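Spelled out, the chains give:
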Amino acid sequence: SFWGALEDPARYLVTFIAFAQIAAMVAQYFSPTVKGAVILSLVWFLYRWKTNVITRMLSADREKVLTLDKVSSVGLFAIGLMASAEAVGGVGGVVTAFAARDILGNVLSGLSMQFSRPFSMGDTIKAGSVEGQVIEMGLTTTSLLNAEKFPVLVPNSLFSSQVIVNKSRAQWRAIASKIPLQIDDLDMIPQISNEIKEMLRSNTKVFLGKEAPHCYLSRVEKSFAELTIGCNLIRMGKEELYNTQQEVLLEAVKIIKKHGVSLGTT
Amino acid sequence: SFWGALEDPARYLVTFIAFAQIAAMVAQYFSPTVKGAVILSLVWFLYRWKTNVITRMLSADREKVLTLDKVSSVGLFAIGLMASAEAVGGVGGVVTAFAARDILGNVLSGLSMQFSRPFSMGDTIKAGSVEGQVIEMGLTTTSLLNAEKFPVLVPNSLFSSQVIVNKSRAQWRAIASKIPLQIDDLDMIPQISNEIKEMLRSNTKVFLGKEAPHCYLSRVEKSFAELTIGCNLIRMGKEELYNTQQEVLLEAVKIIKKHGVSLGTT
Amino acid sequence: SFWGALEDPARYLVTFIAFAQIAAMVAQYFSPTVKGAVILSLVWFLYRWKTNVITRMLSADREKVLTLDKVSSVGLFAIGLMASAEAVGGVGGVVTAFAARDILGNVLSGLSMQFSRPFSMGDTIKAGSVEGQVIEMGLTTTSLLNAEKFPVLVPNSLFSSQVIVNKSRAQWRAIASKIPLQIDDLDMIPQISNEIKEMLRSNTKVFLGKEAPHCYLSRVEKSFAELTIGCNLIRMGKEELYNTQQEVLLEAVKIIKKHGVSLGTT
Amino acid sequence: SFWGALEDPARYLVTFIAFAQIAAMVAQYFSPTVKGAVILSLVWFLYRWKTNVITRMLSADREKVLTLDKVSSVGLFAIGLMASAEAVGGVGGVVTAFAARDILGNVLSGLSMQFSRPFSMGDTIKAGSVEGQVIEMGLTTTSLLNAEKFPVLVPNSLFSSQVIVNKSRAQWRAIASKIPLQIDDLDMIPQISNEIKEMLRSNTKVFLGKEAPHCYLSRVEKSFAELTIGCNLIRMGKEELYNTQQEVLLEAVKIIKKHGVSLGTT
Amino acid sequence: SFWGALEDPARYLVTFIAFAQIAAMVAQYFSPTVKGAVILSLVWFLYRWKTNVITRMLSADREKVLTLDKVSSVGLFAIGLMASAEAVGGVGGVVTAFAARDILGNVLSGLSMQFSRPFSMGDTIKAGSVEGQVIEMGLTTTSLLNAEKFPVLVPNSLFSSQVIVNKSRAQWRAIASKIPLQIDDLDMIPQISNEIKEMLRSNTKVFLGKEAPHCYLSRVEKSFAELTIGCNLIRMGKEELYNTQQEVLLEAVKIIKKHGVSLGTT
Amino acid sequence: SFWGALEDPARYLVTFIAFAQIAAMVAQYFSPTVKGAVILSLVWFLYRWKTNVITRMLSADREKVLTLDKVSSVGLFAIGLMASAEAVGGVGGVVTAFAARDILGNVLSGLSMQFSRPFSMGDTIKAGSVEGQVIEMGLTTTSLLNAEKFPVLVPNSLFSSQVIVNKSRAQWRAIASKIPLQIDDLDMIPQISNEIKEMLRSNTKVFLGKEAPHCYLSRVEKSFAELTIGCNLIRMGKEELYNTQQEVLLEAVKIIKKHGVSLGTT
Amino acid sequence: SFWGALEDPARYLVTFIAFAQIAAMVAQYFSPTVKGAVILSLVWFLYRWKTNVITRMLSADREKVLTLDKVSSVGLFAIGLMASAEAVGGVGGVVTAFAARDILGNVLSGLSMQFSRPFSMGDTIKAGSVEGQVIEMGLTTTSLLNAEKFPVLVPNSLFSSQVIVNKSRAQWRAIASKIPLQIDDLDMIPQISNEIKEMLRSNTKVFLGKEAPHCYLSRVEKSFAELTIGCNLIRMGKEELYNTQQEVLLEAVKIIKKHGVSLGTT
Ligand SMILES: CCCCCCCCCCCC
Ligand SMILES: CCCCCCCCCCCC
Ligand SMILES: CCCCCCCCCCCC
Ligand SMILES: CCCCCCCCCCCC
Ligand SMILES: CCCCCCCCCCCC
Ligand SMILES: CCCCCCCCCCCC
Ligand SMILES: CCCCCCCCCCCC
C-alpha cells in the first residue's frame, strides 16, 4: 500500500534524473528540470497515497466523498503544475472551444425551444432516435419517459435542426388492417367491400372530413383474397383507440361471414 | 429546502478560498479572485433559492411561469458574470457562428423554396426521411401531416439540396400486380395474356399514352405459374385508384378462370 | 388577438429595461440599449399584429398573399435591425459561403452536364438514389418521372461525381431465368440443355455477337434440379422485351416436357 | 404570357423602391440602389420573356436550342450583374476551388491510371460499387457495360485509391458446390469422397498447381449429409466454364449414385 | 541474433553514405549529415540489440519489464534524435492538440457528469452502444458490467452529449404480451377482454395512476385471433417482475379457457 | 465530321464576341479578351478535329495510340492556355495537395509495411474489405488473389492503420460443429459427451496445449437435443484440415449411434 | 526487355522536347528544362532496366532482395530529383503531418495503455471490431488471437478512446436459457418454477451474491409454454462453464418431466 506508493515514483524519478545527467553530457537547463521532476514525482506520490487512503476509508456522506476526492485529485494535479511553473502550451483555446460548444450549444437550443415551442410537458414526442413522453423540460437537458417507462436524458442540442413528431397534437388518427379471405367465387367481393365501407360511415368515432374510409382488394391467390381496410378515427384517448380498433375488426368480420365467406390463412 | 440551498455553496466557497490561501503560499491576484468567488457563490445560492421557490409555487398563467423563470435563471447567471467582470474568453465567435448557421440557414432555405417552388399547400411530398401532406409553409419550419396523421415539424434547411418527390403533381399513375396460377398445360398461357391486355386497353381510366399495358409470365414451377400485370391509370383521386385496382384484379381473375384455369398457391 | 399581441412584447420590454436598470447599478451604455429595446419590442409587436391580420384575411390571389407577407415579415425584421443600428457580427461571410456553395454548385453542375452530356430528354437514368425518365433538364434542377410516375425534383449538384446508369443507350439486353425440374434420372440433363441452347440460337431477336446463350445446371436435390438459362436479346422496346421473355420461357418448357420430364417445385 | 412577365417584376420593383424610400427616412446610397434595382428588374423581366418565347418556339436543331438559351440565360444574368456594377463578394475562390477539385481530380486520376495501368479495354472489372466491361477509357470518364448491358459512366476520380478487382487477368478459376445426400449409413462417406477427388484429378480442364481438389463432409442430419466439392479450373472462356461446372456436377452425382446412395432434400 | 543486428544497419548506413557521396557530386551539408547518419545507425543497432536481449530474458517482475523496456525504447529513440540535433519540424502542436483533446475531453466530461449527475454507483444504464450496471465511476473512465457480466471500460467523453437511459430510476414498469386464440365465434371476444381488464385492476402490484390496463384485439384470421394485453406494474425488483409477468399470463389464460375458448397457433 | 467540328466553335465564338461588344457598351479589356476567345475557339476546334481523326483511324500499336492522343489532348489544352496567357487562379496548391496526399501516402505506407512487416509473399491475409493471397508486393499497390482467384489491386495506404488478420501464421486451428440428436431419455447425454471428449484426446492431429476439447449440450426440445463439439487441431495444410473435420464428425456420429441414439432433425 | 526499356522513355523525351521547342515559339527557361527532361528520362530508363534485371534474377536471401531493390528504386528516384534540382513544392509539411500522426499516435496510445492498463498478456478482450486473446503487447502494435486462432495485428491507436470489454477479469458469469413446454394445464406452472429455483440455489457453482436465480414464463401458445431460466455462476474455467450449463439444463428437464409435463416444439 504505502510501500509501492512511495517506491515506484521515487525509482522512476531517480531513473529520470540519471537519464538527464547523461543527457547533459551531449540544452543546459539542468536545475529547473530536476526541480520540476522532483515536485512532479512528489505529486505523483501524493496522488497514489490519496487514492490509497480513500479506498481505505471506503473499506469501512458517500457521494460527497467521491466528488470531494475527485476535485481534490484535479486540484492536487493543478497545484503540482503551478509548482512546476515556479521553477501553457496552447491547450486552453482548444478546451474552451470544446466546452463553449457543448455548454452554450445546449443552452442555445434550450432557449430556442422555449421561444418556438415544438412540444409541452406531457406530450409524446419522437425526435430521431428518442421517443416517449416529456416529463421534465430543463435548461440543458430534457427528460423523456420511453416505451418501457425508463427515464431518458436527452441534451437540448439534439433538438436543434431535427424533425420532431408530436403525437399528442393530432386531431384525428389513421387506422388500417388487412383481412385474409378463403373465398373461391370473387363475385361477392365488391358487395362485401361496399358493405364494409357503409359500416365505416354509419359508425360514430370516425372522421369523414378528409379521407373516405376504404376497403379494397390488395392481392389474390388460390382460395385466398386479402382486403385492406382503413379509416380515420376522431381524436380520442389510448383506450378508446384500442376498443375502436377491435370493434371495427369484429364488425368487418361479421359482415364478411354474413355473406357466407370464411376467413383465409396466411 | 432553504437549509441546503444556503449550506452547500457557502461551504464550497469557504473550501475554495481556503484552497486559494495555500495557493498564495507558493499569481498574486488574491483579492479579485476572492471577490469573484464570493459573488459567484452568491449567485449559485440565489439560483438554488429561485428554483426552490418556483417548485414551491408549482406545488400549488403556467407557460409564462416557465419561460419567465428560465429567462430569469439565464439573466441571473449573466448578471453574476457581469458582477465578476467588475472586480470574454472567445466563446462569442463560436456561438454566433452556430446561431448564424442554424437561423440563417433556415431562413435562406425558406426563401429559396419560395422562389423556385418545389410544392404548395396541400401537396403530398416525400423529402428523404419525411413524408406526408403539407399543412403549413412557414418562415423557418414547414409542417407536414404524416401517414398516421401526426403533425411533423421539419426545418426548412432539410429541403436545401435533397430530392423532393411530389406525389400530387402526377398526371398518370402506374399500377402492377402478380397473379399466381395453378395450371399444368401452359399452352393456354399466351392467349390468356393477350386477353388480359385487351381487357386493359378497352377499359377506360387507363392511359395508353406512353406505355402499353403488359401481362407476362415471370416464373414457373410445378402446377404453378405467375403473371405480372401492369398498366398506367389516368389522373384520379385516391378512392377511384383503389376501386380501379380492385376492378382490374377482378376482371383479370374472371378472364383467367374463364379459360378453365384455377388460381395457384404461394 | 390584438390584446396579447400588444401585451406580451410590452411586458417583456418593461421587464427587460427593469433588469437593465439594476444592471446599471453594478457598461454605461444605457440610452442606446433602451432605445434599441424599445424599437425591437415595437417590431415584435408589429410582427405579431401582421401575422394576426393575415390570418384574419385567410379566414375569409392566394400564393401572392403568402409570398408577400413572408417577404414583408423579413423586410420588417430587416428595417427593425436597421433602426437598431441607428441608435454586423460576422454572419455575412457564413451565409454568403453557404448560398454561394448551394447556388453556384447547382449552376456549375448544370453547365458541366451540358458540356459532357451523360443523358438527354426522355432517357431512363439511375443516379444513386434516384431513378426514372428525364422529363425536364433545367438550369438548377432536373426533373425525373420515377417508377410510380411521380415527378421527382433533383438538384444538378447530385450528378457531379456520381455514377449514372443510362438504361436508354443500351444496344442489347441480357435476360436470364431459372427453371426447376422434377427429374430422377439426370442422364437426360445434357441433351435438354443442348436443345435449349439450339432454341436460343435459331431464334431471332437474340444477339449472338458477344456471349453465347447458356443453359446449365446450377443445383441438384432429391427429385429436383435447376436450370439457369440466359441470353442477350437485340435492342427492342419494352413490350417486345416482355413478349420475348415469355416466348423464350414457354419454348424452354416445351423442350423440357418434350423429353418426358415434368417441372419441379421449390 | 407577356402580361405577367411584365407585371410581376415591375410591381416587385416599385414595392422595393417604395420600401427603400422609407428606408431612407431613418445609409445614404439612394440613387445607385434604385438604378441597380431598375436594371435588375429589367433583367428579370427579360429572363421571363426569354423563357416564354423559347417555350413558345418549343410548341411548334433541338439540342442546340437548349444549350443556346441556357448559355443565353446565364449570359443575360451576367450582363445584368455587370450593369449593376456600373452604377465580387468572395464567391470566386470558392467556385474555382470546387471546379478545380472536380475537373483536375478527374484529369489527374485519368493520367495516373494511364501510367500504372489497373485495366485495359475489354476487361471486366469491379471497383467498389461499379462492375462490368470496360468499353471506353476516356480523359475524364470511363465507360463500363454492367451486368444488364447498360452503359455506365464513371468519373476517373472514383478509381483513385480504391480496390480494383480485374476479372479478366485471372489464370485459373475456383469453383465449388454443395451436394445433399440421403444416406443413413455414413461408412460409405470416405470412399465416395476419395472417388470424387479422383474424378477431379484425372479430369482435364482442372488446375492442380496450387490447391488439391477437395470433397469433404460439412454437416450431418437425419437421413441427410452434405458434401462440399471444389477445385481450380484452368483459364477458359465463359462457356467452357459453365459446361465444366455442369460436367463436374453430373460426374459427382454419377459417382454418388453408383454407390447406391440417393440424393437428399433441403 | 547479434549478427544481423549489427549487420543490417551498418550495411544500410554505408549504402546511405555511398549514395550521399554521389549526391554531393551534383546542398553542401556533407559532414553533419554523415554524423547524423552515423549516430542514427548506431541507435538503430542499439534498438535491435535491446529487443534481442529482452526477448532473450523473456526466454528464461514481469509487467515492470515490459513497461521498462518500452519507455527505454522511446527514450533511446529520443536520445538518438537529440544527438542528431547536436550535429522540431512542427509535429509538436499536432500531438499536443491530439493529447489535449483526448485527455482534457475525458476529464471535462468526468467533471460535468459529477456536477449534473445522470447516474450513480449501481444504476443500470444504457448510453448509446454500451449498457449495463455502473460498478466504478472514475476520473477518466467509467466501468460498467454488461449483460454477460463482463467489465466494460467506457471513456467519460462518450457521455458528453448522448442520451442516457437510466433503468434504475423508474417508478413503474410497462409490461405487455400477445395471446393467440383459436376461436371461431368472435361474439365472446368483448366479454373476455372486459374480464381480463378486471383481472388487471383488482390485482395488486399494478399501477393505475396513469394508464388503464388494456386488452384489445389486434388481428384476426381463420380460426385465429390475437389479444394484446398490457399494464403498468409498480416499482419492484427483478424477481417480482418475472413472477408478476408469469402470474398475469396464467390468469389471462385461465380467463380465456374459462369461456370455453382454446388457444391458437402461429 | 469536319463540318460540325468547324461549325459549332466558330458560331459559339462569334456569339461570344457579339455578346462582348454590347458588354463593352455599358471593364475596358476588349482586345485581349477577343484574342483569347479566338485562340480558345481555335483550340476547341483542334480538339474536336483531333478526336475525329483518331476515331477515324480506330475505324481501320493500339494502347500507344490511346495514351498518345490522351497526352496530346491534355498538351493541346495546355498550349491553348499558355497562348491565352500571352495576350494561375490558385488551383495549383489544391492539385499538388491532392497528388501529394495520394502518391506520397501510398509510398509512405509501402515503406512502413516494408519495415514492420505485417505479411509476406504467399500469405493469406484479410485487411478490412479485402481478403486473399498476396501475389505481388509492390511500391504503390499490393496485389491479392481473392476467394474466386481474381487478381485484386489494393493501394498500400489501405494498410496504414487497419487491422490485418494473417491466416498463414497460425500455429493451431480451432474447429467446431453442432450435432442434432433425436433422443428422448437424456440420461445417456453425459456419458456420450465424455466418450466424445475421449475421442478428441486420444486422436492425433489435435492440440491439447491451451484448450481442452469440449462437447456440451447447448439446447433441448421435444425428441431433440444439440451437442456442440470443438477442439484445436495442430498446424496443417488445407487438405488435412478438411479430412480431419470429416474424420472427427464421423467418429462423433459413430460414438453417438453406438449408444443406440439416432440423429435428430432441424 | 532492354529494347522497350530504352525505347519508350527516349521517344517520350524527344516528343517532350519537340513540344517544348514550339512552346518556346510563343517562359524562356529552355536549357534547364531540357537538362531536367534529359536526366529524368535517364532515371526512368534506369528504373525500367532495374526492375527488368531484378525480375530476371527472380527467374533463377529472398526478402533482402525485395527490400533492397525497393529502397534502391526510391533512392534512384530521389537522386534523379536531386539531379533535377542541380539544373520543394510544399509536400513536406503534409507528409510529415501524416507520418507524425500515424507513428506518434501509435506510440502515444502504446504508452497510455502502459500507464492505465486496460488488459494484460493472456486476457481475452473485445475492442470494437476486434476480439480475442492478447498474445503480444508491442510498442506500436498489439497482437491478438481471434476466435479461429488466427493472429490479428491491431495498431495501438485503435485503443485510444474506445470501450474495451475484458472477459478475463469477470468474477461471476451470467447464464440463461429457454425451455419450451407442451403443457395444456398451466396450473402446474408455478410449482415447477419454484422447484427449478430451488434447484438453482441448493446447487454449488452458482453465485447468490447479487441476483437471485430466476425461472419465469415468458410466452404462451396452444399446447405450448416457454420458461426463461437464468442464474449467476461463480468464477470458473471454460470447461466447467460448459459442464455447468449442461448440468443445469439436464436438472431443469428432470424437474419438468418429473411433474408429468413433456417438452414442447418450436
Ligand atoms: C467545466 C466543465 C465543462 C466542460 C465540458 C465540456 C466537455 C468538452 C469535452 C468534450 C469534447 C472534447
Ligand atoms: C438565440 C438563440 C438562437 C441560437 C440557437 C442556435 C443554436 C446553436 C447551437 C447548436 C449547435 C452548436
Ligand atoms: C438567396 C437565397 C439563397 C441562399 C440559399 C442558400 C442556403 C444556404 C443555407 C443552407 C446551409 C446552411
Ligand atoms: C465550368 C464548369 C465546371 C465546374 C464544375 C464544378 C462543380 C462544382 C460544384 C460542385 C460542388 C460544390
Ligand atoms: C501526376 C498524377 C498524379 C496525381 C494524382 C492525384 C490525384 C488527385 C486527385 C484526386 C482527388 C482530388
Ligand atoms: C517513414 C514512414 C512513415 C510514414 C508513414 C505514414 C503514412 C502516412 C500516409 C498515410 C496517410 C496519408
Ligand atoms: C502521454 C501520453 C498521452 C497521450 C496520448 C494521446 C494520444 C493521442 C494520439 C491519438 C490520436 C492521434
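Residues numbered from 1 in each chain as written, not as in the entry; some residues may be left out. Chains lettered and ligands numbered in written order. Heavy atoms only, no water.

Looking at the entry header, you'll see cryo-EM listed as the method and 2.96 Å as the resolution.

This paragraph deals with the overall build of chain A. A tally of helices and strands in chain A yields 6 helices and 9 strands. Relative to the globule expectation of 18 Å for 266 residues, the C-alpha radius of gyration of chain A, 36 Å, shows a markedly less compact shape. With the principal axes as the frame, chain A shows a C-alpha extent of 105 × 45 × 45 Å. Scored against the burial criterion, the 266 residues of chain A give a buried share of 38%. If you sum the accessible surface of chain A, you get close to 14,600 Å²; carbon and sulfur atoms cover 60% of it. Side chains of chain A give 27 positive and 23 negative charges; the mean places of these two sets differ by 5 Å. (Helix = DSSP H or I, 4+ residues; strand = E, 2+ residues; numbered from the N terminus. Rg over C-alpha atoms; globule rule 2.2 N^0.38 Å. Buried < 20%, exposed > 50% of the residue type's maximum accessible area, 1.4 Å probe, protein only. Areas by Shrake-Rupley, 256 points an atom, 1.4 Å probe, with all protein chains shown as cover. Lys, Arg positive; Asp, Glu negative; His and termini not counted. Charge placed at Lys NZ, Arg CZ, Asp CG, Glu CD.)

All names here are of chain E. In spatial order, the strands read β7-β8-β6-β9; together these 4 strands make up an open sheet with antiparallel pairing. The two strands at the open ends of the sheet, each matched to only one other strand, are β7 (214–221) and β9 (262–263). Relative to strand β8 (residues 224–234), β7 runs antiparallel, the two being bridged by 7 bridges. In the strand pairing of β8, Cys215 is matched with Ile229. Each of β6 (172–182), β7 and β8 is contacted by helix α5 (residues 189–202), which is oriented at about 15 degrees to β8, the strand it contacts most. The strands touched by helix α6 (residues 238–258) within the sheet are β6, β8 and β9, with β6 carrying the most contacts at an inclination of about 30 degrees. (Pairing = 2+ DSSP bridges. Contact = heavy atoms within 4.5 Å. Axes fitted to C-alpha atoms, helices over the stretch in contact; angles between N-to-C directions.)

A few words on the arrangement of the chains. For chain C and chain E, which are not in contact, the least C-alpha distance works out to 23 Å. In this structure chain B stays clear of chain G, and the shortest span between their C-alpha atoms is 23 Å.

The subject of this paragraph is the pairing of strand β7 (residues 214–221) of chain C. Counting buried positions along β7(C) gives 6 out of 8 residues, so the element sits mostly inside the fold. Taking the residues that link successive antiparallel strands as the turn, the β7(C)-strand β8 (residues 224–234) of chain C hairpin has 2 residues, and the phi of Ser223(C) there is positive, at about 55 degrees.

Formed by 210 residues in total, the largest nonpolar core has its most connected members in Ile196(A), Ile196(B), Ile196(C), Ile196(D), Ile196(E), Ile196(F) and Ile196(G). When residues no more than four places from it in sequence are discounted, the contact partners of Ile196(B) are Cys215(B), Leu227(B), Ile229(B), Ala252(B), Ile255(B) and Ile256(B). (Core = buried A, V, L, I, M, F, W, Y, C linked by side-chain atoms within 4.5 Å.)

The next point concerns the sheet that holds strand β6 (residues 172–182) of chain G. All names here are of chain G. Ordered by their spatial adjacency, 4 strands build an open sheet running β7-β8-β6-β9, and the pairing between neighbours is antiparallel. Lying at the two open borders of the sheet, with one neighbouring strand each, are β7 (214–221) and β9 (262–263). Relative to β9, β6 runs antiparallel, the two sharing 2 bridges. Within the sheet, the bridge partner assigned to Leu181 lies in β9 and is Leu263.

Our next topic: the site of ligand 3. Near ligand 3 the following residues occur: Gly105(B), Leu108(B), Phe98(C), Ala99(C), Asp102(C) and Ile103(C). Taken together, the residues near ligand 3 originate from chains B and C. Surface burial for ligand 3 is 76%, taken as the share of its 390 Å² of free accessible area covered by protein chains. Of all the secondary structure elements, the ones that give two or more residues to the shell around ligand 3 are α4 (92–115) of chain B together with α4 (92–115) of chain C. The element best represented in the shell around ligand 3 is α4(C), accounting for 4 residues. (Near = heavy atom within 4 Å.)

Taken as rigid bodies, chain B and chain C are interconverted by a rotation of 51 degrees and an axial shift of 0.1 Å, the fit giving an RMSD of 0.0 Å. A low fraction, 4%, of the interface residues of chain B reappear at the interface in chain C, so the copies pair through non-equivalent surfaces. (Least-squares fit on C-alpha atoms.)

Quick look at the interface of chain C and chain D now. Counting residues at the interface gives 48 residues for chain C and 44 residues for chain D. Here chain C meets chain D over a buried area of about 3,900 Å², counting both sides, of which 65% is carbon and sulfur. Applying the counting rule to chain C against chain D returns 3 salt bridges. Between the two partners, chain C and chain D, sit 5 residue pairs in polar contact. The greatest single-element share of the side of chain C that touches chain D, amounting to 7 residues, is contributed by β7(C). Its residues assigned to classes, the side of chain C that touches chain D shows 23 nonpolar, 12 polar and 13 charged. (Buried area = accessible area lost by both parts, 1.4 Å probe. Salt bridge = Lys/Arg side-chain N within 4 Å of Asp/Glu carboxyl O. Polar contact = N/O pair within 3.5 Å; in protein donor to acceptor, adjacent residues only side chain to side chain. Nonpolar A, V, L, I, M, F, W, Y, C, P; charged D, E, K, R; others polar.)

Moving on, we get to the packing of aromatic side chains. Under the definition given, this model contains 56 aromatic pairs over all chains. Arranged with centres 5.4 Å apart and planes meeting at 65 degrees, the rings of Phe119(C) and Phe159(C) form a pair that is edge-to-face. Of the two residues, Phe119(C) is situated in the loop between α4 and β1 (124–127) and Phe159(C) in the loop between β4 (151–155) and β5 (164–166); the sequence distance between them amounts to 40 residues. Residue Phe119(C) is classed as buried on the basis of its relative accessible area of 0%. On the basis of an interplanar angle of 10 degrees and a centroid distance of 4.7 Å, the ring pair of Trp172(D) and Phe207(D) is categorised as stacked. Of this pair, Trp172(D) sits in strand β6 (residues 172–182) while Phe207(D) sits in the loop between α5 (189–202) and β7 (214–221), placing them 35 residues apart in sequence. Classification of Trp172(D) as buried rests on a relative accessible area of 13%. Here a set of aromatic residues connected by ring pairs shows up, and it is made of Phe2(A), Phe45(A) and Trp49(A). (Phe/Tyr/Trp six-rings, centres within 6.5 Å; stacked < 30°, edge-to-face > 60°.)

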